[PDB]
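This report concerns only the one structure given below.
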Amino acid sequence: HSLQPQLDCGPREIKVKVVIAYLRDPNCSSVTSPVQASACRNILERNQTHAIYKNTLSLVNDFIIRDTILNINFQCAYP
Amino acid sequence: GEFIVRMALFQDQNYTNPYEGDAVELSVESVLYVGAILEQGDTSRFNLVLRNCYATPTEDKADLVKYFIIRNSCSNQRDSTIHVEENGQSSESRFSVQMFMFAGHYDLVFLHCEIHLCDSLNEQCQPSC
Amino acid sequence: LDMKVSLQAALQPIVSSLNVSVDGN
Ligand SMILES: *[C@@H]1O[C@H](CO)[C@@H](O)[C@H](O)[C@H]1NC(C)=O
Ligand SMILES: *[C@@H]1O[C@H](CO)[C@@H](O)[C@H](O)[C@H]1NC(C)=O
Ligand SMILES: *[C@@H]1O[C@H](CO)[C@@H](O)[C@H](O)[C@H]1NC(C)=O
């Protein structure tokens, strides 16, 4: 399986295109996310001489769900 | 006084040998069987209707979002699999829902209900719908 | 005649699905 989720790290917005979707923190529900690490719970991992913004978007058919979620774990590796 | 009403969780459509109940783990596809019982009460003529059994992702009964389970005294719509088996006449009222868990990030689903104690003497309040 | 009743347990599902991962610069 593969979706080819188009992730397009910008200078101020992380944007991931691929039902309601939401980031780790319940808002940012439309998919965009500000690059500010204090916004919708973006994970910061500064491995040496780089900085990656990891996040786990989730797609669910209805706000109640039955046996099917879409846990898209996308990261942005900035210089 | 207080007509203390209790409700438990049974494991099967089989309405006995239920779960003891501390924190139940279920397949989202699976089914659970909760029945409101009028234990420790009149039970000779007082029925037990199921008016507003509902669900919410918080111990508190006052949440912004909450699952309906059954509104307006019976059989909430919008749910594919709902069965109020014997709510109403008997001192035991039973209904079945498929497991679920809400939007956002919290795996904590709770069940809350509102119960009105009908009587079966010259009071035709069988819950009709 | 209109008391409120709650279930004394937590309903913990085992919802799980297809993990995905991607990269970007
Ligand atoms: C999420 O947005 C709702 C408005 O829909 C607001 O009530 C709530 O405080 C927000 N929560 C966070 C963590 O931003
Ligand atoms: C950190 O991870 C990125 C991911 O592509 C990689 O390019 C980089 O080499 C890693 N840093 C180190 C020090 O290995
Ligand atoms: C079903 O019937 C009774 C009560 O419903 C129970 O004692 C019996 O063990 C059950 N049989 C099963 C679950 O196979």
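Numbering, chain B: per Swiss-Prot, residues 349-477 in sequence.
Backbone N, Cα and C atoms are what each Cβ position is placed from, and that goes for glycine too.
Lifted from Swiss-Prot, the feature list:
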- B:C401-B:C461: disulfide bond (DISULFID)
- B:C422-B:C477: disulfide bond (DISULFID)
- B:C466-B:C473: disulfide bond (DISULFID)
- B:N362: N-linked glycosylation site (CARBOHYD)
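Here the disulfide-bonded residues are B:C422, B:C461, B:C477, and the one whose Cβ sees the fewest other Cβ atoms within 10 Å is B:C477. When secondary structure is read from DSSP and collapsed to three states, B:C401 (disulfide bond) falls in the coil class. With a threshold of 8 Å between Cβ atoms, the recorded positions B:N362, B:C422, B:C461, B:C473, B:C477 that neighbour chain C are B:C461. Shown are the disulfide-bonded residues B:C401, B:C466, B:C473; of these, the residue with the fewest other Cβ atoms within 10 Å is B:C473. Closeness to ligand 3 is met by B:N362, these being the recorded positions among B:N362, B:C422, B:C461, B:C477 whose Cβ falls under 6 Å from the molecule. For the pair formed by B:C466 (disulfide bond) and B:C401 (disulfide bond), distance between Cα atoms is given as 16 Å, rounded to the nearest Å.
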